[PDB]
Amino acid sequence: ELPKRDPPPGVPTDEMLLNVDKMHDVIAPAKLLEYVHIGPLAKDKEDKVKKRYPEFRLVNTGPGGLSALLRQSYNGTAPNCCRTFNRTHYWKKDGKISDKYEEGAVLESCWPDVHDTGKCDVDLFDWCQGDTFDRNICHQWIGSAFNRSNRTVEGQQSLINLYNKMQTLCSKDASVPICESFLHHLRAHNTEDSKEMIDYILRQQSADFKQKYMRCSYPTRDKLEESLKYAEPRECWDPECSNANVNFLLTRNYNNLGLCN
């Protein structure tokens, strides 16, 4: 009786074949408001996926369980994000953090280009200023803080604020290896303002610092009056300057050392 037609045979698409179980490398690098399509997802799976990817909203895009994850936030922490340039995310399980994905783990994602934003500045200021100093990390941090000069208003204020904070700190004791790196990078900046800041910082140093560290810049008069005799700068011969640590020379002295043969 009825003129029956069976539907034309179904031919799926990639979307339809997608499986979120396989997609951690696809989903982690996604950005805010970018809809990451994940295939049909059954209702009894929604909680697992919401657990795993808590920074994302779970959305139903279409029929038959078709779905997507939409990133909402970066909830990775300064302790785990700021003390490294290595990693943009980590997977968390049982109080432990692992670089590699493990099932049962929850993904946390670091804020992008975070160091250029200055949101790590309060963490590293503490961390690097102690026995918690990691030379490589802590140097890198100051280097790149300077590079925020040509970037963003946020990063330029960052730069400014940190610079103010570091002036006041390093005036107290420029020996602390964090302040050594600061001065090192001012020298690298190599403008009038970076030079006179060094001299400013250096000129506020303590009684012991100057005799322990700046003998080249503060010679004894016996030493000083020999220098007058020669048209070679004092630095080109003075044994106190061949030894000395260049990060604690004043600009004049630092300049002068380059002029010898």
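Note that residue numbering follows the sequence shown and begins at 1.
- In this crystal structure, the stretch out of 59-67 and 226-234 whose C-alpha atoms carry the higher mean B factor is 226-234.
- Relative to its counterpart among 77-85 and 92-100, 92-100 has the higher mean temperature factor, C-alpha atoms as listed in the PDB entry.
- For the set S175, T132, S158, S109, the PDB entry assigns the largest Cα B-factor to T132.
- Of the candidates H37, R203, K50, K31, the one whose C-alpha carries the top B factor in the deposited record is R203.
- Per the PDB record, residue ranking by Cα B-factor puts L17 in the lowest third of the chain.
- Per-chain ranking of the deposited C-alpha B factor places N150 in the highest third.
- The entry lists a Cα temperature factor for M214 that places it in the middle third of the chain's modelled residues.
- Per the deposited record, the Cα B-factor of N247 falls in the middle third when ranked against the other modelled residues of its chain.
- Annotation for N255: CA B-factor lies in the middle third of the chain's modelled residues.
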